[PDB]
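Undergrad: Sharing input_34.txt below, compact mmCIF, C-alpha atoms and all ligand atoms:
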# COMPACT_ATOMS: atom_id res chain seq x y z
CA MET A 1 37.69 -7.93 -24.54
CA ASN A 2 36.15 -6.55 -21.36
CA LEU A 3 36.57 -9.28 -18.75
CA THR A 4 33.51 -8.12 -16.78
CA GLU A 5 30.97 -9.56 -19.24
CA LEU A 6 32.73 -12.93 -19.50
CA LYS A 7 33.11 -13.01 -15.70
CA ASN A 8 29.36 -12.44 -15.26
CA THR A 9 28.56 -15.24 -17.72
CA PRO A 10 27.94 -18.70 -16.19
CA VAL A 11 30.60 -21.35 -16.60
CA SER A 12 28.99 -23.49 -19.32
CA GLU A 13 29.20 -21.03 -22.21
CA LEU A 14 32.57 -19.84 -20.90
CA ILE A 15 33.85 -23.40 -21.34
CA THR A 16 32.26 -23.82 -24.76
CA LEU A 17 33.74 -20.53 -26.01
CA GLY A 18 37.12 -21.49 -24.58
CA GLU A 19 37.02 -24.81 -26.41
CA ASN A 20 35.57 -23.55 -29.70
CA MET A 21 38.49 -21.17 -30.42
CA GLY A 22 41.67 -23.09 -29.62
CA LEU A 23 41.89 -24.51 -26.11
CA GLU A 24 42.74 -28.00 -24.86
CA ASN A 25 40.76 -28.71 -21.66
CA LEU A 26 38.84 -26.25 -19.47
CA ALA A 27 36.10 -28.29 -17.76
CA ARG A 28 38.11 -29.59 -14.80
CA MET A 29 39.46 -26.49 -13.12
CA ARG A 30 38.09 -23.43 -11.35
CA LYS A 31 36.31 -20.50 -12.97
CA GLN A 32 39.13 -18.12 -12.05
CA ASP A 33 41.70 -20.29 -13.83
CA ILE A 34 39.40 -20.56 -16.86
CA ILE A 35 39.09 -16.77 -17.03
CA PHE A 36 42.85 -16.33 -16.59
CA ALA A 37 43.63 -18.80 -19.39
CA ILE A 38 41.13 -17.32 -21.85
CA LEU A 39 42.35 -13.80 -21.07
CA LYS A 40 45.96 -14.88 -21.60
CA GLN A 41 45.21 -16.49 -24.96
CA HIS A 42 43.07 -13.55 -26.14
CA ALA A 43 45.86 -11.15 -25.17
CA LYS A 44 48.40 -13.31 -27.00
CA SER A 45 46.10 -12.97 -30.01
CA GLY A 46 46.74 -9.21 -29.91
CA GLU A 47 43.38 -7.47 -29.42
CA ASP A 48 42.76 -4.84 -26.76
CA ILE A 49 41.70 -6.14 -23.34
CA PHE A 50 39.67 -4.16 -20.80
CA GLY A 51 39.29 -4.55 -17.05
CA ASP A 52 37.63 -2.94 -14.06
CA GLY A 53 37.13 -3.44 -10.35
CA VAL A 54 38.16 -2.23 -6.90
CA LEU A 55 41.74 -1.44 -5.89
CA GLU A 56 43.42 -2.96 -2.83
CA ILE A 57 46.74 -1.69 -1.47
CA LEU A 58 48.84 -4.26 0.38
CA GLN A 59 51.04 -3.61 3.41
CA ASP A 60 53.94 -2.58 1.13
CA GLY A 61 52.04 -0.11 -1.05
CA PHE A 62 51.55 -2.80 -3.71
CA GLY A 63 48.29 -2.97 -5.63
CA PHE A 64 45.83 -5.66 -6.61
CA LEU A 65 42.52 -5.07 -8.36
CA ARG A 66 39.61 -7.33 -7.38
CA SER A 67 36.17 -7.88 -8.90
CA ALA A 68 32.87 -7.56 -7.06
CA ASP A 69 31.34 -10.44 -9.04
CA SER A 70 33.76 -12.90 -7.42
CA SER A 71 33.13 -11.27 -4.01
CA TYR A 72 36.75 -10.03 -3.95
CA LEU A 73 38.50 -13.40 -4.00
CA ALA A 74 42.28 -13.44 -4.38
CA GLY A 75 41.92 -15.11 -7.75
CA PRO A 76 44.58 -15.33 -10.47
CA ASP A 77 42.58 -12.87 -12.59
CA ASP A 78 43.13 -9.98 -10.15
CA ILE A 79 44.79 -7.07 -11.91
CA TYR A 80 48.41 -6.19 -11.17
CA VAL A 81 48.96 -2.59 -10.03
CA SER A 82 52.46 -1.26 -9.34
CA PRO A 83 53.04 1.40 -6.65
CA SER A 84 54.24 3.78 -9.38
CA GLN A 85 50.75 3.97 -10.87
CA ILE A 86 49.30 4.37 -7.37
CA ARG A 87 51.56 7.36 -6.65
CA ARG A 88 51.17 8.88 -10.13
CA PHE A 89 47.39 8.71 -10.54
CA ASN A 90 47.13 9.18 -6.74
CA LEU A 91 44.36 6.75 -5.79
CA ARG A 92 42.83 5.59 -2.50
CA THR A 93 41.86 2.18 -1.12
CA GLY A 94 38.50 1.00 -2.44
CA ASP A 95 38.37 3.13 -5.59
CA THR A 96 36.58 1.88 -8.70
CA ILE A 97 39.01 1.66 -11.63
CA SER A 98 38.27 0.82 -15.27
CA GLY A 99 40.72 0.81 -18.15
CA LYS A 100 42.82 -1.11 -20.63
CA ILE A 101 44.99 -3.84 -19.09
CA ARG A 102 48.22 -5.56 -20.11
CA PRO A 103 48.96 -9.27 -20.44
CA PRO A 104 51.55 -10.53 -17.95
CA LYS A 105 55.07 -11.30 -19.13
CA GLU A 106 57.98 -13.26 -17.68
CA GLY A 107 58.59 -12.46 -14.02
CA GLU A 108 54.95 -11.75 -13.11
CA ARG A 109 51.67 -13.66 -13.16
CA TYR A 110 48.82 -11.12 -12.89
CA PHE A 111 47.55 -8.91 -15.70
CA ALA A 112 48.95 -5.39 -15.39
CA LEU A 113 46.98 -2.16 -15.73
CA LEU A 114 48.10 -0.25 -18.82
CA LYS A 115 46.02 2.93 -18.53
CA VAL A 116 43.01 4.13 -16.55
CA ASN A 117 39.87 5.36 -18.31
CA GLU A 118 37.56 6.01 -15.34
CA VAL A 119 38.02 6.28 -11.57
CA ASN A 120 34.90 6.20 -9.37
CA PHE A 121 32.77 6.82 -12.49
CA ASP A 122 34.30 10.19 -13.42
CA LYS A 123 37.35 11.57 -15.17
CA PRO A 124 40.67 10.38 -13.66
CA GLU A 125 42.04 13.91 -13.28
CA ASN A 126 38.86 14.93 -11.42
CA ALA A 127 39.56 12.28 -8.77
CA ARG A 128 42.81 13.84 -7.50
CA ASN A 129 41.20 17.10 -6.32
CA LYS A 130 38.60 15.31 -4.19
CA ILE A 131 37.76 15.96 -0.55
CA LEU A 132 38.35 13.25 2.05
CA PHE A 133 35.54 11.35 3.74
CA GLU A 134 36.86 11.95 7.26
CA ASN A 135 37.18 15.70 6.65
CA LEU A 136 33.43 15.82 5.99
CA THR A 137 31.30 17.12 8.80
CA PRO A 138 28.47 14.76 9.80
CA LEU A 139 24.87 15.76 10.36
CA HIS A 140 21.57 14.10 11.21
CA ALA A 141 19.32 12.29 8.77
CA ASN A 142 17.28 14.83 6.78
CA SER A 143 15.90 13.31 3.57
CA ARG A 144 13.20 10.73 4.29
CA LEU A 145 13.82 7.30 2.74
CA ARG A 146 10.32 5.91 2.29
CA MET A 147 9.93 2.12 2.50
CA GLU A 148 6.55 1.86 0.73
CA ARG A 149 6.53 0.46 -2.80
CA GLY A 150 3.02 1.75 -3.50
CA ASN A 151 2.15 -1.07 -5.92
CA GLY A 152 -0.33 -2.60 -3.46
CA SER A 153 1.44 -5.95 -3.22
CA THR A 154 0.22 -8.63 -0.83
CA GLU A 155 3.62 -8.84 0.88
CA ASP A 156 4.04 -5.04 0.70
CA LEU A 157 2.14 -5.08 4.01
CA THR A 158 5.42 -5.94 5.73
CA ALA A 159 7.20 -2.97 4.16
CA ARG A 160 4.23 -0.77 5.06
CA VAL A 161 4.58 -1.84 8.70
CA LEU A 162 8.19 -0.66 8.57
CA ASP A 163 7.01 2.82 7.57
CA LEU A 164 4.67 2.74 10.57
CA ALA A 165 7.37 1.36 12.89
CA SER A 166 10.61 3.29 12.33
CA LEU A 167 11.79 6.21 10.22
CA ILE A 168 14.68 5.55 7.83
CA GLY A 169 16.52 8.37 6.08
CA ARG A 170 19.71 9.03 4.17
CA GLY A 171 22.71 8.78 6.46
CA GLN A 172 20.77 6.84 9.09
CA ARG A 173 22.61 4.44 11.41
CA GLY A 174 20.24 1.50 11.86
CA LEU A 175 20.20 -1.68 13.93
CA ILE A 176 17.85 -4.66 13.62
CA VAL A 177 18.11 -6.87 16.71
CA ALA A 178 16.31 -10.20 16.43
CA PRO A 179 16.74 -13.77 17.68
CA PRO A 180 17.11 -16.60 15.15
CA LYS A 181 14.09 -17.74 13.13
CA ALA A 182 12.49 -14.28 13.14
CA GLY A 183 12.57 -13.19 9.49
CA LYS A 184 15.66 -10.97 9.42
CA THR A 185 16.89 -12.09 5.99
CA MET A 186 13.59 -11.58 4.18
CA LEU A 187 13.07 -8.31 6.03
CA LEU A 188 16.36 -7.28 4.44
CA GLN A 189 14.97 -8.62 1.16
CA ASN A 190 11.95 -6.33 1.50
CA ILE A 191 14.14 -3.35 2.40
CA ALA A 192 16.40 -3.97 -0.61
CA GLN A 193 13.42 -4.31 -2.96
CA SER A 194 11.92 -1.09 -1.60
CA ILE A 195 15.22 0.74 -2.08
CA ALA A 196 15.56 -0.59 -5.63
CA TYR A 197 11.99 0.40 -6.50
CA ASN A 198 11.39 3.75 -4.79
CA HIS A 199 14.97 5.09 -4.94
CA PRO A 200 16.75 3.75 -8.04
CA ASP A 201 19.42 6.48 -7.87
CA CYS A 202 21.09 5.65 -4.55
CA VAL A 203 23.75 2.93 -4.60
CA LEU A 204 22.56 -0.21 -2.82
CA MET A 205 25.00 -2.65 -1.21
CA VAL A 206 24.08 -5.87 0.61
CA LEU A 207 26.92 -7.35 2.67
CA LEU A 208 26.74 -10.84 4.16
CA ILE A 209 29.13 -12.43 6.66
CA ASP A 210 29.57 -16.20 7.26
CA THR B 4 8.70 61.50 13.13
CA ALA B 5 8.71 57.75 13.76
CA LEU B 6 5.50 57.31 11.74
CA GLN B 7 7.35 57.40 8.41
CA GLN B 8 9.75 54.67 9.57
CA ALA B 9 6.79 52.65 10.87
CA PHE B 10 5.09 53.05 7.47
CA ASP B 11 8.25 51.89 5.70
CA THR B 12 8.47 48.88 8.02
CA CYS B 13 4.83 48.01 7.31
CA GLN B 14 5.49 48.31 3.57
CA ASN B 15 8.54 46.04 3.62
CA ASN B 16 6.76 43.51 5.85
CA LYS B 17 3.89 43.50 3.35
CA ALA B 18 6.38 42.94 0.52
CA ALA B 19 8.00 40.08 2.44
CA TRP B 20 4.62 38.44 3.09
CA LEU B 21 3.65 38.82 -0.58
CA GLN B 22 6.90 37.28 -1.81
CA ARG B 23 6.53 34.44 0.71
CA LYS B 24 3.10 33.82 -0.81
CA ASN B 25 4.67 33.76 -4.27
CA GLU B 26 7.26 31.07 -3.60
CA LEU B 27 4.72 29.10 -1.57
CA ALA B 28 2.39 29.11 -4.59
CA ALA B 29 5.28 28.20 -6.90
CA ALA B 30 6.30 25.24 -4.75
CA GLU B 31 2.66 24.15 -4.44
CA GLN B 32 2.05 24.18 -8.20
CA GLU B 33 5.36 22.43 -8.88
CA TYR B 34 4.45 19.72 -6.36
CA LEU B 35 1.05 19.23 -8.00
CA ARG B 36 2.77 19.05 -11.39
CA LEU B 37 5.13 16.36 -10.11
CA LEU B 38 2.19 14.46 -8.61
CA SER B 39 0.47 14.59 -12.01
CA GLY B 40 3.60 13.02 -13.47
CA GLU B 41 4.18 9.27 -13.48
CA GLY B 42 7.72 9.37 -12.10
CA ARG B 43 8.73 7.29 -9.09
CA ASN B 44 10.61 10.17 -7.38
CA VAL B 45 9.13 9.43 -3.96
CA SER B 46 12.01 11.14 -2.13
CA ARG B 47 11.39 14.20 -4.30
CA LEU B 48 7.75 14.19 -3.16
CA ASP B 49 8.75 13.86 0.50
CA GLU B 50 11.20 16.76 0.32
CA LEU B 51 8.58 18.77 -1.59
CA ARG B 52 6.13 18.19 1.27
CA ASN B 53 8.84 19.33 3.69
CA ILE B 54 9.31 22.46 1.57
CA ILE B 55 5.55 23.10 1.62
CA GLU B 56 5.47 22.84 5.42
CA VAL B 57 8.51 25.11 5.87
CA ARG B 58 7.14 27.72 3.46
CA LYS B 59 3.73 27.61 5.16
CA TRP B 60 5.40 28.29 8.51
CA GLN B 61 7.43 31.11 6.96
CA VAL B 62 4.27 32.63 5.46
CA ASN B 63 2.51 32.44 8.83
CA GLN B 64 5.45 34.14 10.55
CA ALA B 65 5.64 36.88 7.91
CA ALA B 66 1.89 37.49 8.13
CA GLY B 67 2.10 37.75 11.92
CA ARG B 68 4.99 40.21 11.71
CA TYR B 69 3.11 42.30 9.13
CA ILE B 70 0.00 42.35 11.34
CA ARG B 71 2.10 43.47 14.31
CA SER B 72 3.69 46.23 12.23
CA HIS B 73 0.26 47.33 10.96
CA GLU B 74 -1.05 47.53 14.52
CA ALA B 75 2.02 49.51 15.58
CA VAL B 76 1.55 51.97 12.70
CA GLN B 77 -2.12 52.42 13.55
CA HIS B 78 -1.32 52.93 17.24
CA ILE B 79 1.41 55.50 16.62
CA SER B 80 -0.71 57.41 14.09
CA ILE B 81 -3.64 57.45 16.53
CA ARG B 82 -1.33 58.65 19.30
CA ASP B 83 0.13 61.48 17.20
CA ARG B 84 -3.29 62.65 16.00
CA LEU B 85 -4.49 62.45 19.59
CA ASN B 86 -1.57 64.63 20.72
CA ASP B 87 -2.05 67.35 18.14
CA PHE B 88 -5.81 67.37 18.76
CA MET B 89 -5.43 67.59 22.54
CA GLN B 90 -2.82 70.34 22.30
CA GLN B 91 -5.63 72.32 20.63
CA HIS B 92 -8.72 71.36 22.68
CA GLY B 93 -7.25 70.43 26.07
CA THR B 94 -8.70 73.47 27.82
CA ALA B 95 -12.13 72.78 26.33
CA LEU B 96 -12.04 69.09 27.30
CA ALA B 97 -10.92 70.07 30.81
CA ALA B 98 -13.74 72.61 31.13
CA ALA B 99 -16.29 70.05 29.96
CA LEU B 100 -14.90 67.28 32.22
CA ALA B 101 -13.63 69.33 35.15
CA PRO B 102 -14.75 67.60 38.43
CA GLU B 103 -12.79 64.36 38.15
CA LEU B 104 -9.91 66.23 36.49
CA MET B 105 -9.10 68.41 39.45
CA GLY B 106 -10.00 65.43 41.60
CA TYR B 107 -6.99 63.70 40.03
CA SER B 108 -4.60 66.46 41.14
CA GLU B 109 -4.82 65.70 44.88
CA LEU B 110 -6.69 62.40 45.40
CA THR B 111 -5.22 58.99 46.16
CA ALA B 112 -4.61 56.34 43.51
CA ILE B 113 -7.89 54.58 44.32
CA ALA B 114 -9.85 57.79 43.78
CA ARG B 115 -7.56 58.56 40.83
CA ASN B 116 -8.44 55.42 38.89
CA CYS B 117 -12.08 55.54 40.01
CA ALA B 118 -12.31 59.00 38.44
CA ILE B 119 -10.40 57.70 35.41
CA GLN B 120 -12.89 54.88 34.83
CA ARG B 121 -15.87 57.17 35.47
CA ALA B 122 -14.55 59.61 32.86
CA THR B 123 -13.86 56.87 30.32
CA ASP B 124 -17.34 55.44 30.82
CA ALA B 125 -18.91 58.88 30.39
CA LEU B 126 -17.03 59.45 27.15
CA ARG B 127 -18.06 55.93 26.11
CA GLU B 128 -21.73 56.89 26.19
CA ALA B 129 -20.69 60.21 24.63
CA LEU B 130 -19.16 58.49 21.59
CA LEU B 131 -21.92 55.90 21.23
CA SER B 132 -24.48 58.72 21.24
CA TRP B 133 -22.47 60.89 18.83
CA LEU B 134 -22.03 58.08 16.28
CA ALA B 135 -25.80 58.12 15.66
CA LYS B 136 -25.41 60.51 12.71
CA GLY B 137 -22.46 58.48 11.39
CA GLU B 138 -21.18 60.89 8.75
CA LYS B 139 -18.26 59.94 6.51
CA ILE B 140 -15.23 60.15 8.81
CA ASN B 141 -12.18 61.55 7.02
CA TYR B 142 -8.52 61.09 7.86
CA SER B 143 -6.20 63.73 9.33
CA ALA B 144 -4.20 66.47 7.60
CA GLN B 145 -0.74 64.99 6.97
CA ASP B 146 -1.33 61.35 7.98
CA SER B 147 -4.17 60.82 5.50
CA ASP B 148 -1.82 59.42 2.85
CA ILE B 149 -0.13 57.11 5.37
CA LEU B 150 -3.47 55.81 6.65
CA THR B 151 -4.71 55.31 3.08
CA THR B 152 -1.62 53.37 1.99
CA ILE B 153 -1.66 51.28 5.18
CA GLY B 154 -5.43 50.94 4.93
CA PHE B 155 -8.23 50.65 7.47
CA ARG B 156 -7.61 46.92 7.96
CA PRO B 157 -4.99 44.49 6.64
CA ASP B 158 -5.68 42.10 3.80
CA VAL B 159 -8.04 39.19 4.39
CA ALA B 160 -5.37 36.70 3.26
CA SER B 161 -2.82 38.00 5.78
CA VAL B 162 -5.31 37.41 8.62
CA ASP B 163 -6.84 34.09 7.57
CA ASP B 164 -3.44 32.49 6.97
CA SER B 165 -2.67 33.11 10.68
CA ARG B 166 -5.59 31.14 12.14
CA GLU B 167 -3.26 28.29 13.10
CA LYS B 168 -0.90 28.81 16.03
CA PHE B 169 2.31 26.96 16.89
CA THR B 170 3.57 26.15 20.37
CA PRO B 171 7.24 27.04 21.03
CA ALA B 172 8.22 23.44 20.22
CA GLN B 173 6.79 23.78 16.71
CA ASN B 174 8.35 27.24 16.42
CA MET B 175 11.77 25.83 17.33
CA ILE B 176 11.52 22.84 14.99
CA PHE B 177 10.34 24.97 12.07
CA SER B 178 13.06 27.55 12.76
CA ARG B 179 15.64 24.74 12.61
CA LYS B 180 14.09 23.43 9.39
CA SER B 181 14.07 26.93 7.86
CA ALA B 182 17.73 27.41 8.79
CA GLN B 183 18.53 24.05 7.18
CA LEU B 184 16.64 25.10 4.05
CA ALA B 185 18.52 28.41 3.97
CA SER B 186 21.80 26.50 4.19
CA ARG B 187 20.61 24.22 1.37
CA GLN B 188 19.72 27.23 -0.79
CA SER B 189 23.07 28.91 -0.07
CA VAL B 190 25.01 25.84 -1.22
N1 LIG C 1 6.58 -11.69 5.69
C1 LIG C 1 6.61 -13.02 5.78
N2 LIG C 1 5.74 -13.74 5.03
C2 LIG C 1 5.78 -15.07 5.11
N3 LIG C 1 6.57 -15.85 5.85
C3 LIG C 1 7.41 -15.11 6.58
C4 LIG C 1 7.50 -13.73 6.61
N4 LIG C 1 8.49 -13.31 7.48
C5 LIG C 1 8.98 -14.43 7.96
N5 LIG C 1 8.37 -15.56 7.46
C6 LIG C 1 8.68 -16.94 7.80
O1 LIG C 1 9.68 -16.95 8.79
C7 LIG C 1 10.44 -18.17 8.70
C8 LIG C 1 11.91 -17.87 8.85
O2 LIG C 1 12.29 -16.83 7.92
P1 LIG C 1 13.78 -16.30 7.88
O3 LIG C 1 13.90 -14.95 7.18
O4 LIG C 1 14.61 -17.36 7.27
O5 LIG C 1 14.18 -16.08 9.40
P2 LIG C 1 15.60 -15.48 9.77
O6 LIG C 1 15.33 -14.25 10.65
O7 LIG C 1 16.35 -15.16 8.54
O8 LIG C 1 16.42 -16.48 10.67
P3 LIG C 1 17.58 -17.31 10.03
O9 LIG C 1 18.04 -16.61 8.72
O10 LIG C 1 17.08 -18.74 9.71
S1 LIG C 1 19.07 -17.41 11.28
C9 LIG C 1 10.04 -18.84 7.38
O11 LIG C 1 9.24 -20.00 7.62
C10 LIG C 1 9.25 -17.75 6.64
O12 LIG C 1 8.21 -18.31 5.85
MG MG C 2 17.63 -15.52 6.95
Written as structure tokens, how would this file's structure read?
TA:
Amino acid sequence: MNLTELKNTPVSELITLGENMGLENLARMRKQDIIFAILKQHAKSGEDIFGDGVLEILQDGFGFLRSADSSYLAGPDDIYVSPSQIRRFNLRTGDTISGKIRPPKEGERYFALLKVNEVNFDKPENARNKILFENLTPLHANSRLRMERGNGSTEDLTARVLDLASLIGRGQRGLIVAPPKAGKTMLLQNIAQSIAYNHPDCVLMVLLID
Amino acid sequence: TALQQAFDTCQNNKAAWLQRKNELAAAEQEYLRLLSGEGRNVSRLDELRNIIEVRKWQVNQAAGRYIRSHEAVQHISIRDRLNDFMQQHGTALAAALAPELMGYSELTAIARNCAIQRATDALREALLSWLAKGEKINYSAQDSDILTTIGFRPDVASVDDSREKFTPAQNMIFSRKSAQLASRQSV
């Protein structure tokens, strides 16, 4: 089946479903190994298996496919991608790929990508004739990105202050300088909640380091 | 023969101002309709407000241009009617106003403009006394149709929408915004 749903499921029911349909011991190893084993056995059963994620090209033009749920770990469940598919479907680095996948055979140990059904959420042939990001000409921020929820929340005050403090728009390059113990993380919480509420169409990404 | 071109310019400026009014009204009613809706398209509302501001500035500019064209048409029509009235009654006006008029021919600029202002004052009391009867003043022979189509005064909307004035900073920012909107419409 589609590995995304089972990957998003917590470990307890993953273990119980591994054990209830013909597995020996799954409790005492990592989640990635559990997913790899259950995918291998389900593929040996014979049903179709689906995968999706983000493509990474190594230094030799050789492709892995990672999952955003695992925060792009180099887990055993990463999808094999040969350079032939990269050159034939003509992808980039960081594309979003979804399609049927192939169980590994002798000589390899990651699941291979059989066929692609969607690249960056549109038709695969439509991806080839796409314009590069660097070729795009930049501009200034035009569309206002309001940071007011409008629900009259008690904490919404903070977000309201942001609207009174600085103007944020699409394409804006923003910096928040602050010493430790100043509320940066929950200010980011408020910003993310405001983006999710007021603007549910724009893609929201929250990146954390160390 | 420039009066016909001036009339055409006034007509097309009027048409531009009217059409500006039409898309301003359309954007206004669409924005009120979206406000009446329960959608959470806040960014849509912000860009709609930006559109309202840009269209209001465009309407003000078009109204100002139309007013300027109307004044130019009135001035040129008055000048032409003045010329073809004076080419008829210049000798009579000169006979009735003679002293300062042959004073102009050899006096210095100070005496020249003193006589000019004396004559204009005298005709000022002349007109204010003549207008006592106040009969129905008719237009001229061939410019009557032009003056009727242009009208005695411009529309009340085209003058009240121009009460607000913008400093050159606002003019520059709204010109940039209008150019950006034109680029958006083109794409
Ligand atoms: N809007 C707020 N309402 C209530 N408490 C707040 C608010 N903003 C900050 N605080 C308090 O600020 C303290 C620190 O909050 P944090 O967001 O963890 O600070 P920080 O900027 O993230 O610094 P770090 O993450 O510890 S390095 C906590 O005690 C919070 O309760
Ligand atoms: Mg924090």
Undergrad: Which protein, DNA or RNA residues have an atom within 12 Å of ligand MG 2 (chain C), counting all atoms listed in the file, as a PyMOL selection string?
TA: chain A and resi 178-189+208-210
Undergrad: Those same residues, written as a tab-separated table (two decimals), in the coordinates of the input with C-alpha atoms?
TA:
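Wrote it out as out_33.tsv, contents follow:
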chain	number	residue	atom	x	y	z
A	178	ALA	CA	16.31	-10.20	16.43
A	179	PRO	CA	16.74	-13.77	17.68
A	180	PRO	CA	17.11	-16.60	15.15
A	181	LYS	CA	14.09	-17.74	13.13
A	182	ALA	CA	12.49	-14.28	13.14
A	183	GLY	CA	12.57	-13.19	9.49
A	184	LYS	CA	15.66	-10.97	9.42
A	185	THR	CA	16.89	-12.09	5.99
A	186	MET	CA	13.59	-11.58	4.18
A	187	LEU	CA	13.07	-8.31	6.03
A	188	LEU	CA	16.36	-7.28	4.44
A	189	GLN	CA	14.97	-8.62	1.16
A	208	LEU	CA	26.74	-10.84	4.16
A	209	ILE	CA	29.13	-12.43	6.66
A	210	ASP	CA	29.57	-16.20	7.26
Undergrad: Which residues come within 9 Å of segment 176-181 of chain B, counting all atoms listed in the file, excluding same-chain residues fewer than 4 positions away, as an MDAnalysis selection string?
TA: chainID B and resid 53 56:58 60:61 171:172 185:186
Undergrad: Give the residues of chain B that lie within 10 Å of chain A; count all atoms listed in the file, and format the answer as an NGL selection string.
TA: :B and (42-50 or 53 or 180 or 183)
Undergrad: So what do you get for atom CA of residue 95 of chain A versus atom CA of residue 119 of chain A, distance-wise?
TA: 6.8 Å
Undergrad: Report as an MDAnalysis selection string all protein, DNA and RNA residues lying within 12 Å of residue 132 of chain A, evaluated on only C-alpha atoms, omitting residues in the same chain fewer than 5 positions from it.
TA: chainID A and resid 91:92 127 137
Undergrad: Produce the centre coordinates and the three edge lengths, each in Å to one decimal, of the box along x, y and z that contains all listed atoms of segment 86-105 of chain B with 4 Å added on each side, as JSON.
TA:
{"center_x": -8.9, "center_y": 68.9, "center_z": 28.8, "size_x": 22.7, "size_y": 17.1, "size_z": 29.3}
Undergrad: Just how far from atom CA of residue 32 of chain A is atom CA of residue 62 of chain A, in Å to one decimal?
TA: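 So the two atoms, atom CA of residue 62 of chain A and atom CA of residue 32 of chain A, lie 21.4 Å apart.
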Undergrad: To one decimal place, how far is atom CA of residue 11 of chain A from atom CA of residue 94 of chain A in Å?
TA: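 Going from atom CA of residue 11 of chain A over to atom CA of residue 94 of chain A, I get 27.6 Å.
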Undergrad: Of the candidates A:206, A:43, A:54, A:195, which one gets nearest to residue 101 of chain A if we count all atoms listed in the file?
TA: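 Among the listed residues, A:43 lies closest to residue 101 of chain A.
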Undergrad: Let me make sure I understand: among A:202, A:161, A:168, A:196, which one has the smallest atom-to-atom distance to ligand LIG 1 (chain C) if we use all atoms listed in the file?
TA: A:161
Undergrad: Determine, counting only C-alpha atoms, which protein, DNA and RNA residues have an atom within 12 Å of an atom of residue 24 of chain A; residues of the same chain fewer than 2 positions away are not included. Present the result as a PyMOL selection string.
TA: chain A and resi 15-22+26-28+34+37-38+41
Undergrad: Selection from above, C-alpha atoms, as a CSV table (one decimal), in the frame of the given file, can you write it?
TA:
chain,number,residue,atom,x,y,z
A,15,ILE,CA,33.8,-23.4,-21.3
A,16,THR,CA,32.3,-23.8,-24.8
A,17,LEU,CA,33.7,-20.5,-26.0
A,18,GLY,CA,37.1,-21.5,-24.6
A,19,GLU,CA,37.0,-24.8,-26.4
A,20,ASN,CA,35.6,-23.6,-29.7
A,21,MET,CA,38.5,-21.2,-30.4
A,22,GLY,CA,41.7,-23.1,-29.6
A,26,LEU,CA,38.8,-26.2,-19.5
A,27,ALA,CA,36.1,-28.3,-17.8
A,28,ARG,CA,38.1,-29.6,-14.8
A,34,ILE,CA,39.4,-20.6,-16.9
A,37,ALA,CA,43.6,-18.8,-19.4
A,38,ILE,CA,41.1,-17.3,-21.8
A,41,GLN,CA,45.2,-16.5,-25.0
Undergrad: I want to know what sits within 8 Å of segment 92-104 of chain B, based on all atoms listed in the file, with residues of the same chain fewer than 5 positions away left out; could you give that as a PDB file with C-alpha atoms, keeping the file's coordinate frame?
TA:
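Heads up, here's the output in result05.pdb:
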ATOM      1  CA  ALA B 118     -12.310  59.000  38.440  1.00  0.00           C
ATOM      2  CA  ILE B 119     -10.400  57.700  35.410  1.00  0.00           C
ATOM      3  CA  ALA B 122     -14.550  59.610  32.860  1.00  0.00           C
TER       4      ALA B 122
END
Undergrad: Go through B:69, B:90, B:31, B:52 one by one, measure the shortest atom-to-atom distance of each to residue 15 of chain B using all atoms listed in the file, and give the residue with the smallest value.
TA: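 Closest residue, counting all atoms listed in the file: B:69.
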Undergrad: Residues near segment 139-144 of chain B, anyone? I mean within 10 Å using all atoms listed in the file, not counting same-chain ones fewer than 5 positions away, as an MDAnalysis selection string.
TA: chainID B and resid 80:81 84 149:151
Undergrad: Selected residues, C-alpha atoms, written as a PDB file, in the frame of the given file, please.
TA:
ATOM      1  CA  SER B  80      -0.710  57.410  14.090  1.00  0.00           C
ATOM      2  CA  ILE B  81      -3.640  57.450  16.530  1.00  0.00           C
ATOM      3  CA  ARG B  84      -3.290  62.650  16.000  1.00  0.00           C
ATOM      4  CA  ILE B 149      -0.130  57.110   5.370  1.00  0.00           C
ATOM      5  CA  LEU B 150      -3.470  55.810   6.650  1.00  0.00           C
ATOM      6  CA  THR B 151      -4.710  55.310   3.080  1.00  0.00           C
TER       7      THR B 151
END
Undergrad: Taking (45.3, -13.9, -1.8) in the file's own coordinates, collect the residues within 12 Å, counting all atoms listed in the file, and hand them back as a PyMOL selection string.
TA: chain A and resi 56+58+63-66+72-78+110
